[PDB]
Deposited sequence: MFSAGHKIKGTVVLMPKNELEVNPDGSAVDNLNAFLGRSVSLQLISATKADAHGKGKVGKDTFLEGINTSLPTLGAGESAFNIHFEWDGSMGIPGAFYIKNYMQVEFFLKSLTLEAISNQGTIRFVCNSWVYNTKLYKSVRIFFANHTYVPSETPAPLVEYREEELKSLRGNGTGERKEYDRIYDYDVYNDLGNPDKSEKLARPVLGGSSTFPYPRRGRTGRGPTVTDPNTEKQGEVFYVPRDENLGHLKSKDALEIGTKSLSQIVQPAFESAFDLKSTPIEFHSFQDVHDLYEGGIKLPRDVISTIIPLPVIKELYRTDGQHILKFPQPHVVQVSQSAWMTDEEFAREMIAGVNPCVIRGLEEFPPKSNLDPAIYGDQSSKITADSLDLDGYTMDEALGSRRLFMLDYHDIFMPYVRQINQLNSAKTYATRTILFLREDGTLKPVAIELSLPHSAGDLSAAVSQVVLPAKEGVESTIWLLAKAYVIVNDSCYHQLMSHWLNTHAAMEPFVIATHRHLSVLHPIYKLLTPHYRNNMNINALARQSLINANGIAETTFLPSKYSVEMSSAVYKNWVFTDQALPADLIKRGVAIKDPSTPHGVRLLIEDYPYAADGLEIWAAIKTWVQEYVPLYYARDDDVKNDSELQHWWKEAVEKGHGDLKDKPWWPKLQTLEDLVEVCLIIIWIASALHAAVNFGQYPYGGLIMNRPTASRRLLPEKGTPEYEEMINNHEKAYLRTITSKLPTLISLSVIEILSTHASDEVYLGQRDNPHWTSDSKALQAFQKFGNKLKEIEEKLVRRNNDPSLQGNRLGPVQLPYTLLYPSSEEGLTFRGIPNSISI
């Protein structure tokens, strides 16, 4: 008999109930086949007893002894079937067979046997490209992929493990109201979009093209991550905020229990000092809710107190400095949009027949470039911009028609000073113009000012820019480029790469929780009248704006060197270690990012050749070829006609594709995600909406800018009630769960039996530790203070690879996990 140990976790996170005839396992041979060439299968073997011997056992886990009859005619086990005859599902961790050691890493929920169309199968931890699969496992390997793909029909159930694609046709709620109808995103030239995971709930009764509402948005079962500690279930907080907390806040405002608007900046600071007083029944709603109860300190009676945002921990006024406004474009929440400006004035590609004359109104001789002429600044590569003009202009008219929204399409010009810091030198606030226009508001240029009403107008100009930047950050840099862009690759990977496949093992840690958070976001974040639409400027146009931006999304430009070169913030330079020379030498995001990028590249370049010796080996891997074909032609199918997709016929193409996927999922998402509350937890620093244009001279609103500048500012930016909701959301999303798995870590040390792959992975984790030491030295270097810390004195730690749990402003998860 072969001695085995099963480790599992009961659903409650009673052990005698697993004995008797409750759980059967059957070993499957990798070497002895039946007459059809399929590995022979052993007898049903039941769990025999509880193993209390090994002190090495994670929380919630139990170990069971089992002995398998396995004679000569059976060969070597390479897989097993398991049947759960119990009513309730359990979480299967592993099987370990001794003195034959063979390890099986399972980490999968096993529901009652009657719920499955075919018996659950698990493979030992060996790694095989398809031409290396032992012959008696070839059919089992392919049948398991066929099972995962399903047939493209049916309402998906909680226990299903079926991966497939669908369009974003589940955000509208047209059965509730015509006002809640939304365009389908994906599957048309008007609205191209990445695909998402298919749920199959079926059509609404009013629109056959929109998917009906559902209490639970399915994800394949093992994508729905359980947590030992309920506080770690951060993705569910989004749902609780929308469904329970937001209505409670709304009630406090409807009943006039708290002022409707902030009246001074101190009313905003109060949120993390003394707190806000709210009705008792409002506090009583929050206090018992998992995740939500961690967001606020409370007296249990009437007070909620938000945590002090990092950006104010040293100076509560530094966010208002021009130095910090520009520094955040290279070391802030959204450090990836600034571009070099190589001509002046800046140009627009938009049609003047639609929007009016698009010539810039910024004059060169009005700009203070520290004594440089414009030609000198351009030539020395010292001029940059944050350009939202062409991005926002197409939507300004329809946004400004909404009752409580008004924006400009902004452009900010920045100068790289000789001291190496950026300074803002002008903001252009543009509006579309057409013959029939009812509005008399005009475009204007605003220049820096420190005194008088001109200083208030300049501070407001910065707020209009940061509203554009916050909307672009959240919808494009963050949602579109990480969450949404990655999901098609998750789906393709499970559909086409076996668990046995080396590239499955390389990529899947980088998908942890991504389908789950995305489904929860379709339900409560980006749904019609959901949190994003009611907190961000574009309202009901928000998600469709991300579709318009996706028209220009380029997979190969997500690589960090290509991004930097495309934006004109670095140049190709083969004499440099990273192959690019930064044009802003101390650009903290890019400088730290290049280190992480290089480490991932080395890991991928070391792992790939362990499994692929020539370009032909890549061409000849049928799972890999099917995977990439489907990811492109189905998952990102609206961009299938584009010439820039890698072909995947060479080793270098495989490395490139894997490298870009891991970068997007880990460091890029971390850099755009974990600064959300640290920088945006002060709404004045990261306003999410603007509600009025600049006032005309001779009006009470203009006199208010002179006499009460803080009120003028607060009336312009996000109102108090959506601010309380936005702050709560971003606090959740900026938190690391205690069970996170970070870059350089895996959830199990035995993910492969291949020692060379294990060694290469250890080298990768060591290199990340080395890199963190280097980044600490950078933050401690007084010469780099201006960009790495700024007047907010906030060291740039967002690309430190490691972190403890909580709202830490550091740490790079493997995946898009929140």
Q | Where the deposited sequence has no C-alpha coordinates (positions from 1, in order) | A | 1-6, 20-30, 118-121
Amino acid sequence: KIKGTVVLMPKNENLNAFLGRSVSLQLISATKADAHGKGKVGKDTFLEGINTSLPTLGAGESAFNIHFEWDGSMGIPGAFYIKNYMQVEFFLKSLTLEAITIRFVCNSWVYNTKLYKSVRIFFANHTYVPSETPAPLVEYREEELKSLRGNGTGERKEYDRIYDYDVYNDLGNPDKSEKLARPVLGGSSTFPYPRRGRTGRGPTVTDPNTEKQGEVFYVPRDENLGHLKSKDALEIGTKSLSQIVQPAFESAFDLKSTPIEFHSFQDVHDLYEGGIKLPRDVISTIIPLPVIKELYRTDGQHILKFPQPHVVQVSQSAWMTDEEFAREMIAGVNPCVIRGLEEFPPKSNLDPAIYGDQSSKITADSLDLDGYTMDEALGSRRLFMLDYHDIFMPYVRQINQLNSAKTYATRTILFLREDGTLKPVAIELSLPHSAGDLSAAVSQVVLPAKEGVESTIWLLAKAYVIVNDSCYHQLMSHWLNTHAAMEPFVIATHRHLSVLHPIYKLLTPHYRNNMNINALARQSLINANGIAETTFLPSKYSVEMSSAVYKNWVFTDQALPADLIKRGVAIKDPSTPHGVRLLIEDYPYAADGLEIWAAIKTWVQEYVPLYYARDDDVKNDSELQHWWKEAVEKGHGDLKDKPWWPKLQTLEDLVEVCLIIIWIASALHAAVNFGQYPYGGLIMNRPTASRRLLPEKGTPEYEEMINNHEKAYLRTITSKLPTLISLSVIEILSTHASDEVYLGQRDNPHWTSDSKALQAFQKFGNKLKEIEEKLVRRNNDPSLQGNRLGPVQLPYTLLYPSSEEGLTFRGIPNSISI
From here on, numbers count along this sequence of modelled residues.
Q) When the C-alpha temperature factors are averaged for each of 663-671 and 277-285, which stretch ends up with the higher value in the entry? A) 277-285
Q | Mean C-alpha temperature factor, higher of 131-139 and 319-327 | A | 131-139
Q: Identify, among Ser690, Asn518, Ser470, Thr204, the residue whose C-alpha carries the highest B-factor in the deposited PDB entry.
A: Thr204
**Q.** Highest recorded Cα temperature factor - choice among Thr373, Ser380, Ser734, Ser251
**A.** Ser251
Q: Determine, from the deposited record, the chain-internal third of the Cα B-factor for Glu652: lowest, middle or highest.
A: middle
Q.
Please place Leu414 in the lowest, middle or highest third of its chain according to the CA B-factor in the PDB entry.
A. lowest
**Q.** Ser728 CA temperature factor, ranked by third within the chain
**A.** lowest
(Q) Test of reading the entry: by CA B factor among the chain's modelled residues, which third contains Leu721? (A) lowest
Q. C-alpha B factor of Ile683, ranked within the chain: lowest, middle or highest third?
A. lowest
